[PDB]
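Participant: Experimental structure and sequence below.
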Amino acid sequence: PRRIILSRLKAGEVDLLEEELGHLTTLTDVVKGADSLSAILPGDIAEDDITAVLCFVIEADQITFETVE
């Protein structure tokens, strides 16, 4: 079970994060924020597919997955 927070979007791209991840797999409890969205990605999803997707959906230096057991 893990978390994945990103900081680059704006006031409206939050759903875009949990969206692509929610369109390739089933997220868990993403949260919204000005430009920092925190999605809950487990250890049996497209984890590697998100680190690769989410980053190409925002950048390549503001994405990180912090386990939240």
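Facilitator: Yep, that arrived. Numbering: from 1, shown residues only.
Participant: what's the distance between residue 40 and residue 46?
Facilitator: Noted for residue 40: a distance of 14 Å to residue 46, by Cβ to Cβ, to the nearest Å. (Each C-beta comes from the backbone N, C-alpha and C, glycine too.)
Participant: Among the two, which residue is more densely surrounded?
Facilitator: residue 40 (17 against 14; other Cβ atoms under 10 Å).
Participant: Who are the contact partners of residue 35?
Facilitator: Residue 35 makes contacts with 7, 8, 9, 10, 11, 13, as judged by Cβ atoms under 8 Å, 6 or more residues apart in numbering.
Participant: how about 7 Å then?
Facilitator: Residues near residue 35 by Cβ atoms under 7 Å, 6 or more residues apart in numbering: 7, 8, 9, 10.
Participant: Give me the buried subset of the residues you listed.
Facilitator: Neighbour-count burial (16 or more other Cβ atoms under 10 Å) applied to the contacts of residue 35 gives 7, 8, 9.
Participant: Contacts only, for the nearest residue to the second one once chain neighbours are set aside.
Facilitator: Leaving out its chain neighbours, the residue that sits closest to residue 8 by Cβ to Cβ, 6 or more residues apart in numbering is residue 58, at 3.8 Å. For residue 58, the contact set (Cβ under 7 Å, 6+ apart) comprises 6, 8, 9.
Participant: export the buried ones among the contacts of residue 35 to CSV and tack on distance to residue 63 and secondary structure?
Facilitator: Formatted as CSV, these follow (distance: Cβ to Cβ, whole Å; DSSP: H, G, I helix; E, B strand; the rest coil):
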residue, distance to residue 63, secondary structure
7, 8, strand
8, 8, coil
9, 11, coil
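Participant: Format the residues you listed as CSV; extra columns: distance to residue 53.
Facilitator: Converted to CSV, the buried ones among the contacts of residue 35 look like this (distance: Cβ to Cβ, whole Å):
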residue, distance to residue 53
7, 16
8, 13
9, 13
